[PDB]
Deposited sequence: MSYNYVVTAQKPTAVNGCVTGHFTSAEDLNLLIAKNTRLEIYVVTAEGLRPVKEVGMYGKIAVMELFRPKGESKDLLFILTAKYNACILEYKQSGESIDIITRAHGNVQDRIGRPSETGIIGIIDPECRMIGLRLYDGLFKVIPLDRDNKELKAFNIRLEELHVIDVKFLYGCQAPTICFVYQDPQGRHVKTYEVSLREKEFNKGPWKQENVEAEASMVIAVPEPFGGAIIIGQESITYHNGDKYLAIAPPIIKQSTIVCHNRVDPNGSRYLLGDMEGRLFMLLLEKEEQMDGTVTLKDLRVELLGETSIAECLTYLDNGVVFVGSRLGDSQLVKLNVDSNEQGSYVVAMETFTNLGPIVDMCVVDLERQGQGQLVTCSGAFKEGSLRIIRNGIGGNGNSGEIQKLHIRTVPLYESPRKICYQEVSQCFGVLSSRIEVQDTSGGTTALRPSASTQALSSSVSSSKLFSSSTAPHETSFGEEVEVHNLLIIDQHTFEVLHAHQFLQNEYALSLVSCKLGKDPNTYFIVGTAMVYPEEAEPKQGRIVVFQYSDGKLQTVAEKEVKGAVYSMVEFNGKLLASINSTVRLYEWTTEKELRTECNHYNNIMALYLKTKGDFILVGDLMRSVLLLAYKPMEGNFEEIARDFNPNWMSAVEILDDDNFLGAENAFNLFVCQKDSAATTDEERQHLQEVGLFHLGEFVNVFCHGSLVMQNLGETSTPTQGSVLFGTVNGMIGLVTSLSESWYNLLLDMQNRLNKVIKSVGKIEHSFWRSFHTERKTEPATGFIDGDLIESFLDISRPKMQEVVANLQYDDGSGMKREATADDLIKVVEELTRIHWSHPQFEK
């Protein structure tokens, strides 16, 4: 309904940044980890990581750097958010009180500008004179770091190069010097500039070179006594310092692309490199004052790394987005290669969540999700208690069959074409190590193809009982488990499509009906269609399948076949398909919402209402008969509703709810009593591994909670001094709007963490609409009672720091 409540059940677990420095004190080595909107601070000890502080921010962290200007005892932290909120933070401890102190803050957004394609870049020069930001193409933003700059005032310098790949600050330069790699129609080039703070201008740099390779992406600034820069490409690694040129082309790094790096020694003798498949490399710089040679050696295998960080005792932190983060140890000796790595700690990551289901609702539901990708794919069972079932391949879709006591999972693995004309597998996975196997049909350079499988997994041991391999060039898209017609059997139904590289739109597909009985998976019926089966749903004993721009209701015949009932042709692709009663919700990727109704007496479909607003839409869900929920471009949520107060306005769905969440939502599920005043319960899973809950509120409760939000925003101190209203505002590149119809449950639940005098400050002069009927001045205990329920809706988080 028009008033909704959003709360966080699981905090985001994906790591998008990590830095090392002396933040807590001058003698402590600290590791700072940036998860989405969350900052965790650790102290590096011999036994591992000791958590100290964890804070939440009103934004998505994009830049995190540590710097120490002159006259400061310990390091300061610079944070920039996706909404261009910049702050400088200090760590303060007065006994047991730990505070994050804002030294300076401001907004660096330009009203006119096109955001850059290669993202936001933030760099601080080694002598702590300025911060350089690349937010829009053709402009370079400089923030001077003088003490009397509390509002973070910046100026723009014009860059003649529009397509910049990477930029860094150089060491050993008497003036702030930047080195960057850019592409023009002639190719890729490396150039240097000097930044003048007096003239607010660019001056001529010390050198320039073109020899950078066509696939160069990384710039590494080498400290003294070497200086210069190192450019990393697909096949070559090059060192540039004025008239010095050193180039190596190691054959080992040709298999994958290097994406992350970290400095090991303070003087730049060794570097760590991470590639796209989880290999860890070491780059060694040999000296004699000047550089003599470059060397690359392979250390071993870790998780697919987003960032790397060295912990000063041979311990390396691997921060992963596609899988679990690790603490690993590099040894002087090794097992089977040179200088192996050994895993010693694993941190759980549920992202990305591509599908999930709710199981065991008889009494306390459990959430089973499809997490990870490539070799980090796994099934996660969430009860918060989390259990991991490694698959070593990518899980796509999941469903539950109660009669068979098993799960149906769609998966895909990567195979390479060998010289024989067939395909070979890179590693053992769940589809290859199954108890029993079947193939739809068997058929016969060095390129990757995707093999799609259907897996049957036992609900108790989570062991793979059966794996079914689809046809060549076949892509499995949808999966349901349901009973059809008068047949007492329960079936697995899969909708596929035939994809060929020379065809943009698939012109063939099929729907396959599987039955799992007597330890085996048998094919009951197959139906050939003229398009891709993007989505399927069960509709009152019939099958509803989205065939491209049309939909097709199907009946289950006594001859175990599918017979077409009715066709409805649309102008949009039916990617999203949801059902409640006789109503069907249809959506496309361009945020085109279409509401249909099935007329049982006419045997056809009817159009009720629509709403076409061009944006990027990732998921939809039906809340009740009149209200529909979705996820928008950027990281927003929206609610559309019907018939709210002629046939022209009866056919229009209008916006009643807008909210900025900060996460990318993939799946919506009706978890009514997963975690055991509010009506309904919907869960969603995000790319960052975050799980959230949406529930509906009445008008009186919504008004009370909105008033309490406004009163709470005046007493709660935000990190970086960001405003909650600005943070929660609906945000696109062409429109910004205040949030409406949504209550932030996190801020409401923060009410229980504040002190009693602050509680009395919040509750002062508030009218409490008690269920008795008469309004009276609310006290703190009444609101404490109310907030309790709002927390009980989900589980409670455990303590982080020791």
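Novice: Where does the model have holes with respect to the deposited sequence?
Specialist: Deposited residues absent from the model fall in 289-294, 370-371, 392-405, 467-477, 679-680, 712-718.
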